[PDB]
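# Observations on chain architecture
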Amino acid sequence: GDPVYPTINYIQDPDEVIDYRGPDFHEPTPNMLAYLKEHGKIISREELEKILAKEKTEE
Amino acid sequence: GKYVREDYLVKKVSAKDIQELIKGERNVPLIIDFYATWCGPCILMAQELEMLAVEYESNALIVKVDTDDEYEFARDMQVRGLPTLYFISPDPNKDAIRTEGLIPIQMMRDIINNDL
Amino acid sequence: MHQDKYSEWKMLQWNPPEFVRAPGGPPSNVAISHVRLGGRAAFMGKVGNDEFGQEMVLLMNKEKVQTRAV
Amino acid sequence: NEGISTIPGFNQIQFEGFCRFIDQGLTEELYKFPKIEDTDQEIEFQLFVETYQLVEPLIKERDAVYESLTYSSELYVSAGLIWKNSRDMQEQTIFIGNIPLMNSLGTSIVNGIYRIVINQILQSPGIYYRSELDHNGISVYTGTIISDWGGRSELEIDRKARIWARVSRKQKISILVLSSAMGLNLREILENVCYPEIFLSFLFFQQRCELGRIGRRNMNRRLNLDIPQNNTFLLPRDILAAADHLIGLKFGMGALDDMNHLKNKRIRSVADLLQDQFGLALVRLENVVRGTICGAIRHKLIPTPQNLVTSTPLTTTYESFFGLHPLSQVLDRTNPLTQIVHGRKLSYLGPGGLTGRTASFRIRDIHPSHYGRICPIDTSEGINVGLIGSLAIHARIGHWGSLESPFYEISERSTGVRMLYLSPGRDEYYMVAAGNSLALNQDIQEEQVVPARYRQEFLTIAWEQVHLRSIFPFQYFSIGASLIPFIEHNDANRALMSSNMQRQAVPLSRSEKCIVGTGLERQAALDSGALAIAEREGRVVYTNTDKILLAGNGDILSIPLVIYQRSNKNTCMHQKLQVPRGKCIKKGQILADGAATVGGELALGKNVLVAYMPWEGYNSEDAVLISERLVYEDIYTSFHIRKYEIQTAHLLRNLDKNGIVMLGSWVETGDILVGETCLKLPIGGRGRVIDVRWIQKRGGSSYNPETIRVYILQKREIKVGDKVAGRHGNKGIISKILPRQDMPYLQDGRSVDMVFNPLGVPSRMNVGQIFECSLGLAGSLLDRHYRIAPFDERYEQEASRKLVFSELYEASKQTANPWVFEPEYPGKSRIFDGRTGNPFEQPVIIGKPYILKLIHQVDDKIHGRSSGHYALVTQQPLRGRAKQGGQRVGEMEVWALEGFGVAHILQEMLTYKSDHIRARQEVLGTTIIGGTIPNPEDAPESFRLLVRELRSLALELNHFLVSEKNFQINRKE
RNA sequence: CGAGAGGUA
DNA sequence: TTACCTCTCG
Ligand SMILES: [Zn+2]
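In what follows, the accompanying structure is described.

### Describing the overall build of chain A
For chain A, the count of helices and strands is 2 helices and 2 strands. Element order for chain A, N to C, with α for helix and β for strand: β-α-β-α. Its C-alpha atoms give chain A a radius of gyration of 26 Å, clearly above 10 Å, the size a compact globule of 59 residues would have. The principal-axis extents of the C-alpha atoms in chain A amount to approximately 90 × 25 × 10 Å.

Right under this line is the structure:
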């Protein structure tokens, strides 16, 4: 007779593009550099320059 | 969010904030969604509302309210069940539309584009 | 649970708030289930001649629920 | 917050480890740097750790691979030197050096090479008690103290109370004397220790005495003590406590430890290794700084802080680690699965770790503590079997080195449930069940029984007494085992083989998805790095084969694509677009697909019609017969790219003005690629020259010899000799290709693509294939794809049979093919022979399974040699197909030839063919002329060498022959 | 050429 | 244990 767990759960259409922003997937991954820059751990080129120049002026 | 862009583009508001927006002036259409973490059908609405946002970027404001946090407001706005949306117009003479249930994305677009 | 992350909302289904251990629903759903479990059902109501309305009648007709009183 | 409610990302461990090193690790190592002054007093150097800044990379990642650079970051820190003479302060920020950066996927690009760091498992510091059965009478007991240093501390008690330290090679050393060394009074000891009478009757610091935080906590738990965590020393009270426990065992009150348990082991990672290296480098900077201070004295010059410090020590340390450490390895890029699997690996071996030949049999078996943490099936066979393994899907790494498996609490509480992660030790004390609640009798549900684990054992208990439940489908297995469909029905031995074979698959020219799968193919594609995913939301404004433009809220972002590029394993990478112009996308959604991926899922093979039956012996043992359709419709064709590089008649047709072969040339073996010093094609390479790169270089003393690289592409079709496999442990080599007319055919008229032997399943115990072939046939007919999770029989008995049989019936009814489901013999049908038109006698199994093509191909394998180049010292032929070499006749082969009695054949192998210079040069001539080859009299070089080597150690070996006829003795040279 | 690492059967 | 293959690195 018919199966107790429904077979619909199993079926996927043959021409389907998976949606990664769906209920069963983890949050989107972040580029390490951008993450590190957002939290301040790595600084930009302009910032070293700004700091370096001011230090030179002080000296 | 300078380097990393936020994933979620629909924001939670409160009863007081909703009231200001309504009493004040607006120039683009307002859509308000009532939701609860507990309802299963709602998990599906959230995905749809986030897409409408990408499409109509500054041509609409889509906002969200949680029933657990603001139960009394919901009763006053006459909400009878959980997946419910209120579409409000930038003109203040026109009536607002309440839709109950999961409804398709095209219907949402038609209301915004034609009726509101 | 979290306001935005809906991948976490499933946990509430696993441990449900009590009022919604077995959530009930619209009258249309009972009819579709009755037909599936064997049985014959009819739905009485009014729907518009708009697009959504036609979709609903189609679903019911396809599931074999008598739609004459709509 | 992650992994509860979803499967965790496959690279999460690497991401977290790198972050810890960047902030916490860097600061901790920096602090220890010593203020340096010299002699009676000298100038003082200050490294202010308060202000450290890491700056962004100068080159982008793609450029680094193109120019063979290393992607890194620059560390600038502030410092001040008060020259002893000056009494004034100068401050600047010195560029200490470059620290490498990681991509999110978890790789590092160093000198142009993608590199990955593997995790290691080692014994944790702490006190361990073992009972050694004693050769005479009563058993000896012992304690031991593992340390970060690795020194072990031994204390022992004999039948007569001994309490003697075993650290000295000598039998007797006194633990009590060590206590007295601590200044403890004999009286003080007595008051402290229980079991005083027994001890009454009885009337370093740098390495062993330091116990890490992990070491201290373990000590406190095993011997209950509560010295605070900041304390991290071998304080003496502990030694007394240890002795007290040691005697309790002698009287019966104790636990002997299990050292294979994971509560006693610790995991090192990217972070630990990187921090360690930073320390080594830092000590090297102190040596350099002291030295430049001395130089300043000679020149009597005012130092600039920068002048004192160079950037060499930081860069060199890392360059060496990445290049030479055992646990830093190059990434396998054969397919997308290989890239994801490499990171998750765990090794017992490594530096400061076990060696394979040395290790015990017991370390290589599964322990009950491994569940949920380390996969039972995956291991590397060989002398290394059992020592290299893989992390399970839902595992994470804890605050301490230990791993953790998620568990659901079913015990009543307000919320009533939470998912918690448990340390290897904590969960031995709870009852965990994996069964379900679908049983009811005349009593209530709570009284029903279920199988469960408790204290490393399996028992049956009621549902009331269970505390935790295991709920996730893929929890106990790794990524490879979790990609096999119907695993429940395949014996476990096969599963090892199967995980291994998927890793060896070749990305094909056109890709197709499977009809039957398990559902983890979707996440495996997201985490591989082969797909292009959106970084921001937007609408697609322009698409070209090279690029995509995404336009979101007033910005336009350009995303580059990959066209026809080589990989470390000579395979091709190519991305193809999935998004039509004008479409909205949300962050994280797919934009382009990579190789071996279609529609967001991993696709390593194709779906083909197959029959399982005997066919004229072509399928004997494990061989396959295939149709020509596969060859002419291009189902199994693959592209392979190789690189050939150098440092700076008909042939030379291709070369350009500079002499480098032009793009678009077809080249064959022998042809020069780049103009005496000419680079020429080896045997078996024949392809279009897709690209030439004259790369200018830096780093060498001379401008680095510009490197000219040529890249050549070969398109390869299926051939006799190729290896093909399915996902259930089934492997075979192609033996014949036959025309469609001669192939076996069905009642629909169609001809089967492949034919497999049916005698294989009983021996190998895989019944999974039969379930998969049949479901495949159904899906093709009904247009459905099925993704089924493992262990379906939890729901009901015989669940899989119910799914397959039901689906086959629907297909049979909807498309009216009655042969698809036959009521008398379900799953089997009657087919006919192409050659004669006659029916085969008994019904046969027909289906469409998914078959993959493996990396081991015939073209790479074939080799031959006649004559050729010979080695310098041994003067024997060279080794290797690349080197055009010979094959070995070794010890075992000689023995076999001797058994036959074939002396002449053997002599030949030892002399003319290998290493007899005079003799070898003659045989080529005799053969061209047509003559006879004489039997050699002189010795081969091999022997001559031995004599010379011995004569170097002052010993003489001579060979003499005594003539039988006249008795003369003659010395051969 | 000396080491190291990943495979195969 | 045998044989086989690829690579990097000073
Ligand atoms: Zn099953």
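### Considerations on the overall build of chain B
Assigned secondary structure in chain B consists of 4 helices and 5 strands. Secondary structure of chain B in N-to-C order comes out as β-α-β-α-β-α-β-β-α. Its C-alpha atoms give chain B principal-axis dimensions of roughly 40 × 35 × 30 Å.

### A short note on the packing of helix α1 (residues 12–32) of chain D against helix α8 (residues 270–299) of chain D
Residue and element names in this part refer to chain D. Contact geometry of α1 with α8 gives a least axis separation of 9 Å together with a crossing angle of 30°. Taken together, the axis directions place α1 and α8 in an arrangement best described as roughly parallel. The way α1 lies across α8 gives a crossing that is right-handed. Contacts between α1 and α8 involve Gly-17, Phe-18, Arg-20, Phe-21, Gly-25, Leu-26, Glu-28, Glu-29 and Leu-30 from the first element and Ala-271, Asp-272, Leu-274, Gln-275, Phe-278, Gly-279 and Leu-282 from the second. Taken together, the residues of the contact of α1 with α8 break down into 8 nonpolar, 4 polar and 4 charged.

### Observations concerning the pairing of strand β20 (residues 458–462) of chain D
Along a regular strand, successive side chains alternate from one face of the sheet to the other. Residue and element names in this part refer to chain D. As paired strands, strand β19 (residues 449–453) and β20 are joined by 5 bridges and run antiparallel to one another. Each residue of the ladder has a partner; that of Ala-452, found in β20, is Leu-459. Counting the residues between successive antiparallel strands, the hairpin from β19 to β20 contains 4 residues, one of them, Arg-455, with a positive phi of roughly 45°.

### Description of the sheet that holds strand β1 (residues 44–55) of chain D
Strand order across the open sheet formed by 4 strands is β2(A)-β1(D)-β2(D)-β3(D), with mixed pairing between neighbours. Of all strands in the sheet, those with a lone pairing partner are β2 (42–43) of chain A together with β3 (90–100) of chain D, marking the two edges.

### What about the interface of chain A and chain B?
Taken together, the contact between chain A and chain B spans 9 residues of the former and 7 residues of the latter. Partitioning the side of chain A that touches chain B into residue classes produces 4 nonpolar, 1 polar and 4 charged.

### Some words on the interface of chain A and chain D
A common way to report how large an interface is uses the accessible area buried once the components associate. Counting residues at the interface gives 32 residues for chain A, matched by 47 residues for chain D. Elements with a minimum of two residues in the side of chain A that touches chain D: β1 (11–12), α1 (32–38), β2 and α2 (45–58) of chain A. Split by residue class, the side of chain A that touches chain D holds 19 nonpolar, 5 polar and 8 charged. Alignment of β2(A) against β1(D), held across 2 bridges, turns out to be parallel. The residue bridging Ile43(A) from the neighbouring strand is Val55(D), located in β1(D).

### Brief notes about the sheet that holds strand β41 (residues 687–697) of chain D
Residue and element names in this part refer to chain D. The strand order β37-β42-β41-β38 describes an open sheet built from 4 strands, whose pairing is antiparallel. Of all strands in the sheet, those bounded by a partner on one side alone are β37 (638–647) and β38 (666–667). Taken together, the 2 bridges between β38 and β41 define a ladder with antiparallel strand orientation. Paired with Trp-666 across the two strands is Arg-688, which belongs to β41.

### Things to note about the environment of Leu468(D)
Residues and elements named next belong to chain D. Relative to the elements of secondary structure, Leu-468 occurs in strand β21 (residues 468–469). Note: C-alpha distance between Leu-468 and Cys-375 (93 residues apart in sequence) is 21 Å. With residues up to four places along the chain from it excluded, the contact list for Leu-468 reads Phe-407, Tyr-408, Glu-409, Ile-410, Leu-422, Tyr-430, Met-431, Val-432 and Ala-433.

### Looking at the pairing of strand β5 (residues 113–117) of chain D
All names here are of chain D. Of the pairings in the sheet, the one linking strand β4 (residues 108–110) to β5 comprises 3 bridges and is antiparallel in character. Each bridged residue has a counterpart across the sheet, and for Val-110 the counterpart in β5 is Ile-113. Once β4 ends, the chain turns through 2 residues before running back antiparallel as β5, passing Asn-111 with a positive phi of about 55°. In this sheet, strand β12 (residues 328–330) lies alongside β5 in antiparallel orientation, the contact comprising 3 bridges. Its bridge partner being in β12, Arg-115 is matched across the sheet by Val-330.

### So, the side chain of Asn766(D)
All names here are of chain D. Along the polypeptide, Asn-766 turns up in the loop between α15 (760–764) and α16 (768–782). Here the side chain of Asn-766 touches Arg-764 through a polar contact of 3.0 Å, landing on its backbone oxygen. The residues contacting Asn-766, other than those within four sequence positions of it, are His-489, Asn-490, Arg-494, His-728 and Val-761.

### Quick notes on helix α22 (residues 941–952) of chain D
Here α22(D) contains 12 residues, and its C-alpha end-to-end distance of 17 Å stays within 8% of the 16 Å for a straight helix at 1.5 Å per residue. The positive-phi residue at the C-terminal boundary of α22(D) is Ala954(D), with phi of around 65°.

### A short note on unusual backbone geometry
Residues and elements named next belong to chain D. A positive phi angle, near 60°, is found at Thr-39, a position not held by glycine. Examined against the element boundaries, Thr-39 turns out to sit in the loop between α1 and β1. A positive phi angle, close to 65°, is found at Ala-954, a residue other than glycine. Here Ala-954 shows up in the loop between α22 and β50 (959–962).

### So, the pattern of salt bridges
Two residues, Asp69(B) and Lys12(B), come together in a salt bridge whose shortest N-O distance is 3.9 Å. Note that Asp69(B) is positioned in the loop between β3 (61–66) and α3 (71–76) and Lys12(B) in strand β1 (residues 11–12), a separation of 57 residues in sequence. Of the charged contacts in the structure, one is a salt bridge between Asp555(D) and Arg536(D), with a shortest N-O distance of 3.0 Å. With a gap of 19 residues between them, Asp555(D) in strand β26 (residues 555–560) and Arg536(D) in the loop between β23 (532–533) and β24 (538–543) connect regions that are remote in the sequence. One connected set of salt bridges, linked through shared partners, spans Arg716(D), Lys719(D), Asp859(D) and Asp860(D).

### Brief notes about the packing of aromatic side chains
Measuring from centroid to centroid gives 6.2 Å for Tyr8(B) and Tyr6(C), while their planes differ by 90°, and the two rings are edge-to-face. One end of the pair, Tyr8(B), is in the segment before β1; the other, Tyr6(C), is in the segment before α1 (10–14), on a second chain. Chaining the aromatic ring pairs together yields one cluster made of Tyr5(A), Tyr10(A) and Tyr795(D). A cation over a ring is seen here: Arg333(D) above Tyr114(D), with NZ or CZ 4.5 Å from the ring centre.

### Overview of the packing of α16(D) against helix α17 (residues 799–814) of chain D
Residues and elements named next belong to chain D. Direction vectors running N to C along α16 and α17 enclose 35°, while the axes themselves pass 9 Å from each other. The handedness of the crossing between α16 and α17 is left-handed. Residue-level contacts link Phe-771, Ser-774, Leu-775, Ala-778, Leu-781 and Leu-782 of α16 to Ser-800, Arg-801, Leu-803, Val-804, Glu-807, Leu-808, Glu-810, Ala-811 and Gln-814 of α17. Classifying every residue of the contact of α16 with α17 gives 9 nonpolar, 3 polar and 3 charged.

The rules we used
- Residues numbered from 1 in each chain as written, not as in the entry; some residues may be left out.
- Chains lettered and ligands numbered in written order.
- Part of a larger assembly, values for the part shown.
- Heavy atoms only, no water.
- Residues with missing side-chain atoms left out of burial classes, pairs and counts.
- Helix = DSSP H or I, 4+ residues; strand = E, 2+ residues; numbered from the N terminus.
- Rg over C-alpha atoms; globule rule 2.2 N^0.38 Å.
- Axes fitted to C-alpha atoms, helices over the stretch in contact; angles between N-to-C directions.
- Parallel < 35°, antiparallel > 145°, perpendicular 65-115°, else oblique.
- Left-handed = near helix turned anticlockwise from the far one by under 90°.
- Contact = heavy atoms within 4.5 Å.
- Nonpolar A, V, L, I, M, F, W, Y, C, P; charged D, E, K, R; others polar.
- Pairing = 2+ DSSP bridges.
- Polar contact = N/O pair within 3.5 Å; in protein donor to acceptor, adjacent residues only side chain to side chain.
- Expected span 1.5 Å × (residues − 1).
- Salt bridge = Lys/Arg side-chain N within 4 Å of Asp/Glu carboxyl O.
- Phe/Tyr/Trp six-rings, centres within 6.5 Å; stacked < 30°, edge-to-face > 60°.
- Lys NZ or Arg CZ within 6 Å of the ring centre and 35° of its normal.

None of this, on its own, says anything about what the molecule does.
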